[PDB]
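# Structural overview for review
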Amino acid sequence: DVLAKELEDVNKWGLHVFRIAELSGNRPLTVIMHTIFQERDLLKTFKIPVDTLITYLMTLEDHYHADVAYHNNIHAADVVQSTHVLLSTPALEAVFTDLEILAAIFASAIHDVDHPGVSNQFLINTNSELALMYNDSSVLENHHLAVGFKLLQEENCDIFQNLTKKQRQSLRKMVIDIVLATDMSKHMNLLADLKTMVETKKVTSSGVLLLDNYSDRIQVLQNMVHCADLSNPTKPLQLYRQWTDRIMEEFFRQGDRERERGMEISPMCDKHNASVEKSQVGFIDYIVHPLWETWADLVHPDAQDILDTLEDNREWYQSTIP
Amino acid sequence: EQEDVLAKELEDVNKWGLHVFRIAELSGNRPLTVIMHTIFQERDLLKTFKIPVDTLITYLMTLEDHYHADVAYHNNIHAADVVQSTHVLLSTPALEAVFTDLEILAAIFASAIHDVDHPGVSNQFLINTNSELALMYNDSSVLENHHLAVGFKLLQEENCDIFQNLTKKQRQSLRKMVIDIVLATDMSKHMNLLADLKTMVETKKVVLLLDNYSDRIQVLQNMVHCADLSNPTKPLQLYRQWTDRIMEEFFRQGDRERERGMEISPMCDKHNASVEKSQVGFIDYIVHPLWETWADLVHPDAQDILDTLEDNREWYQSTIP
Ligand SMILES: CCc1cc(COc2cc(C(=O)Nc3c(Cl)cncc3Cl)ccc2OC)on1
Ligand SMILES: CCc1cc(COc2cc(C(=O)Nc3c(Cl)cncc3Cl)ccc2OC)on1
Ligand SMILES: [Zn+2]
Ligand SMILES: [Zn+2]
Ligand SMILES: [Zn+2]
Ligand SMILES: [Zn+2]
């Protein structure tokens, strides 16, 4: 009831995702995905049985770790809802097909599933079986994908059962391309290519973005989901601070884990040598703002208020460095 | 008698155009084991790396056992041949004293495991059928990722860890080079590999000089890549055998495709085949553009390899009706 009222803001940047998580009984990924699928009419279009969709969403969400402070179901829910908003941006109206929309949203939902709360390097340096399976290359991101797809095989979980072989192949390719691009090691080349697109940006008669080949289409989708993944600092300050607390909590636990084991502590993971505020400022300056400024140019002027909030939020963290 | 003829055949171990098919029959289908062991002795790798001999043999036999006997081309003879060809490419004068013993071990081990557990079908067939392997690897270099994982997993079998006396540092560095090398054996990576090698031939520093790890690995990746694509550069009676073997494997995949109502892959249709035209195309578009560029890097070391290639191409041409 109060849930239904929070869920009207689903098309809005700055949805109260933590409140939705409390009111859904820790089912933000399920309720938010279901709402977006109903709103986009994705069950009708792709003939998804509603019970199959809910069983799958529940299974997926169950495979995010409740012990993990940042890379859990709430963050998945947030990235999903953020991608949903970015997909609705005026400059992208009627640009992407239903299957392309479904891919970006499915990709967002599965994109951190079964995340252990430690980095790829931690997994590589411990010689984990996961690093062994994936030859030390995008270990986590390959795992998120294989889990997200594998869950379709559980009882009544195949939400794609009515898609044709061509649709399934197309969808699967797009999902893999998007999630593999969520590895930060790919950040600089994604951004470089977004920049190049902005430099040679074309618009149709209808005033929306022209993307006429797979390469450019997937590039934008990768950058969109990447933007959603890195959208925390662009959110209302009250939301951004809760995300900040959770990432640091998760980073510190990795640091305590590395310390116990006599490993080099990873950057930002030392709870005894932390500058949370200084780190948020550098994060915005070197990563978040460069990316969002380029996105904003791509979809000008749709994202202007997102960028203004970003810039407000950085100044707050600056004001609060000791 | 039969043990003596093997020994005299392995004397050509340092030569291009070893009689690898003879060695396969003479060792009782143990070409990878006998050729790897010979090369490890020839290079003093058992001493340098303090690999116990029983451990080496046990691992080599284990690895060899995980190549498929029923697979016409991507079996243990192919692996023995890539191993031996890499060994010969490593001994080229232009590259003398360039690579460390670990880098040598990396390239040889990578050659050895580069196709282990190959099912005889392409990545695409595995993708299209929704196989477990393609699901695990997200349709991305499915087989090559697998080859690596199997090669490394086999070290964990009883008395198989041939890197047990390597230090933590050596293990970390070897592992990273093997991964880099085998992953470049995916043909989807051929164009960027060639281009990158073309760039290095141009900004060539000289006995070749290699500054960073980017340049060191790039050469090793391309060397193993050349070893992998060396069949047409071999004495004709060997090349003819390799062509017969790849066409048998391709036609078998075609038969499986035809069977399943799938689109038959290029060169896999035995009812619409041009073995001779395809070989000339293979040389012109892939093998010769790469061997020409390797020959340019090691000038003049690969003249005879490149002459054999140009001779074999003209032979296959003559055979076109
Ligand atoms: C370079 C300075 C710097 C500072 C931080 C810490 O800040 C944050 C970092 C991240 C963050 O890095 N998330 C993340 C992504 Cl998008 C992809 N792969 C792995 C990870 Cl951990 C998500 C949210 C944050 O604050 C609310 O990360 N880098
Ligand atoms: C372009 C025409 C063309 C013709 C062929 C057939 O010829 C051959 C092809 C191959 C061959 O393609 N080997 C291969 C490599 Cl190096 C890497 N990944 C997968 C594979 Cl199957 C190995 C040996 C051959 O005969 C000497 O392949 N492409
Ligand atoms: Zn991630
Ligand atoms: Zn994420
Ligand atoms: Zn291969
Ligand atoms: Zn091969």
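By the method listed in its record, X-ray crystallography, this PDB entry was determined to a resolution of 2.20 Å.

## Observations concerning the overall build of chain A
Within chain A, the secondary structure is distributed over 16 helices and zero strands. For chain A, whose C-alpha radius of gyration is 19 Å, the value lies close to the compact-globule estimate of 20 Å for 322 residues. By its C-alpha atoms, chain A is 55 × 45 × 45 Å across when sized along the principal axes. Burial statistics for chain A: of 322 residues in total, 55% are counted as buried. When the accessible surface of chain A is split by element, carbon and sulfur atoms take 49% of a total near 14200 Å². Looking at chain A, you have 28 positive and 48 negative side-chain charges, and the mean spots of the two groups are 4 Å apart.

## A word on the site of ligand 2
All names here are of chain B. Looking at ligand 2, there are 15 residues lining it, with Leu229, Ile246, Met267, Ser278 and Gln279 nearest. In this structure, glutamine 279 approaches ligand 2 through a side-chain N or O atom, which is 3.1 Å from an oxygen atom. Protein coverage of the free-state accessible area of ligand 2, which is 650 Å², stands at 83%. Contributions of two or more residues to the shell around ligand 2 are made by α14 (236-260) and α15 (275-297). With four residues, α14 is the single largest residue contributor to the shell around ligand 2. Classifying every residue of the shell around ligand 2 gives eight nonpolar, six polar and one charged.

## Focus on the coordination of the zinc ion (ligand 4)
Residues and elements named next belong to chain A. Looking at the metal site, the zinc ion (ligand 4) is ligated by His75 (NE2), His111 (NE2), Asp112 (OD) and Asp229 (OD), spaced 2.1 to 2.3 Å from it. When the donors of the zinc ion (ligand 4) are listed by position in the chain, the intervening gaps give H-x35-H-D-x116-D. Separating the zinc ion (ligand 4) and the zinc ion (ligand 3) is a distance of 4.1 Å, and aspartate 112 donates to both of them. Of this pair, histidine 75 sits in helix α6 (residues 73-87) while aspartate 112 sits in the loop between α7 (98-110) and α8 (120-125), placing them 37 residues apart in sequence. Residue classification places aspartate 112 among the buried positions, given a relative accessible area of 8%.

## Description of the UniProt feature "active site" in chain A
Residue and element names in this part refer to chain A. As recorded in UniProt, the feature "active site" lies at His71. Its location among the elements puts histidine 71 in the loop between α5 (50-62) and α6. With relative accessibility at 13%, the residue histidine 71 sits in the buried group. Apart from the residues within four sequence positions on either side, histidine 71 is in contact with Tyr64, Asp112, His115, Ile247 and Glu250. A distance of 2.7 Å separates the side chain of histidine 71 from the side chain of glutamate 250, its partner in a polar contact.

## A few points about the UniProt feature "binding site: Zn(2+) 1" in chain B
Residues and elements named next belong to chain B. Mapped onto this numbering, the UniProt entry annotates "binding site: Zn(2+) 1" at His78, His114, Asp115 and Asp228. The class for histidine 78 is buried, based on a relative accessible area of 1%. In this structure, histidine 78 is in contact with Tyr73, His114, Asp115, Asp228 and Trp242, ignoring residues within four places of it in sequence. You can see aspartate 115 is positioned in the loop between α7 (101-113) and α8 (123-128). Assessed through its relative accessible area of 8%, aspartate 115 is described here as buried. Apart from the residues within four sequence positions on either side, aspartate 115 is in contact with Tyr67, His74, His78 and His147. Of note is the side chain of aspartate 115, whose polar atom sits 3.1 Å from the side chain of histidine 114.

## So, the site of ligand 1
Residues and elements named next belong to chain A. Around ligand 1, 17 residues are found, and the nearest of them are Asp229, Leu230, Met268, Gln280 and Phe283. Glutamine 280 places a polar side-chain atom, nitrogen or oxygen, 3.0 Å from an oxygen atom of ligand 1. Alone, ligand 1 offers 640 Å² of accessible surface; in the complex the protein occludes 81% of this. Looking at the shell around ligand 1, the element that brings in the most residues is helix α14 (residues 237-260), giving five residues. The residue makeup of the shell around ligand 1, split by class, is 10 nonpolar, six polar and one charged.

## Structural notes on the UniProt feature "binding site: AMP" in chain A
Residues and elements named next belong to chain A. Here the UniProt-annotated "binding site: AMP" positions come out as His71, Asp112, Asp229, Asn232, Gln280 and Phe283. Position of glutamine 280 relative to the elements: it lies in helix α15 (residues 276-298). With residues near it in sequence (within four places) discarded, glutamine 280 still touches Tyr240, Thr244 and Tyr317. Positionally, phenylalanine 283 belongs in helix α15. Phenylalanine 283 has contacts with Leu230, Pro233 and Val288, leaving out every residue within four places of it along the chain.

## Thoughts on the interface of chain A and chain B
Taken together, the contact between chain A and chain B spans 17 residues of the former and 18 residues of the latter. Ranking the residues of chain A by area buried against chain B places A:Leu132, A:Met133 and A:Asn135 at the top, with a combined share of 39%. Across the contact surface, chain A and chain B share two salt bridges. With a closest N to O distance of 2.9 Å, B:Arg175 and A:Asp136 form a salt bridge. Counting every contact that joins chain A to chain B gives 11 residue pairs in polar contact. Counting only elements with at least two residues in the side of chain A that touches chain B, the list comes to α9 (129-133), α10 (139-150) and α11 (165-180) of chain A. When residues in the side of chain A that touches chain B are grouped by element, the largest group, six residues, is from α11(A). Here the side of chain A that touches chain B is composed, by residue class, of nine nonpolar, four polar and four charged.

## Quick notes on the packing of α10(A) against α11(A)
Residue and element names in this part refer to chain A. At their nearest, the axes of α10 and α11 sit 9 Å apart, and the two run at 145° to each other. Helix-helix and strand crossings are classified by hand; for α10 and α11 the assignment is right-handed. Where α10 abuts α11, its residues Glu141, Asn142, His144, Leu145 and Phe149 lie against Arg172, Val175, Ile176, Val179 and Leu180. Here the contact of α10 with α11 is built from residues that sort into six nonpolar, two polar and two charged.

Rules and cut-offs
- Residues numbered from 1 in each chain as written, not as in the entry; some residues may be left out.
- Chains lettered and ligands numbered in written order.
- Heavy atoms only, no water.
- Helix = DSSP H or I, 4+ residues; strand = E, 2+ residues; numbered from the N terminus.
- Rg over C-alpha atoms; globule rule 2.2 N^0.38 Å.
- Buried < 20%, exposed > 50% of the residue type's maximum accessible area, 1.4 Å probe, protein only.
- Areas by Shrake-Rupley, 256 points an atom, 1.4 Å probe, with all protein chains shown as cover.
- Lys, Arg positive; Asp, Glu negative; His and termini not counted.
- Charge placed at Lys NZ, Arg CZ, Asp CG, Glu CD.
- Near = heavy atom within 4 Å.
- Polar contact = N/O pair within 3.5 Å; in protein donor to acceptor, adjacent residues only side chain to side chain.
- Nonpolar A, V, L, I, M, F, W, Y, C, P; charged D, E, K, R; others polar.
- Donors = N, O, S within 2.8 Å, 3.2 Å for Na, K, Ca; no water.
- UniProt positions renumbered as here; feature names shortened; annotations may be inferred.
- Contact = heavy atoms within 4.5 Å.
- Buried area = accessible area lost by both parts, 1.4 Å probe.
- Salt bridge = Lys/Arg side-chain N within 4 Å of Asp/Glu carboxyl O.
- Axes fitted to C-alpha atoms, helices over the stretch in contact; angles between N-to-C directions.
- Left-handed = near helix turned anticlockwise from the far one by under 90°.

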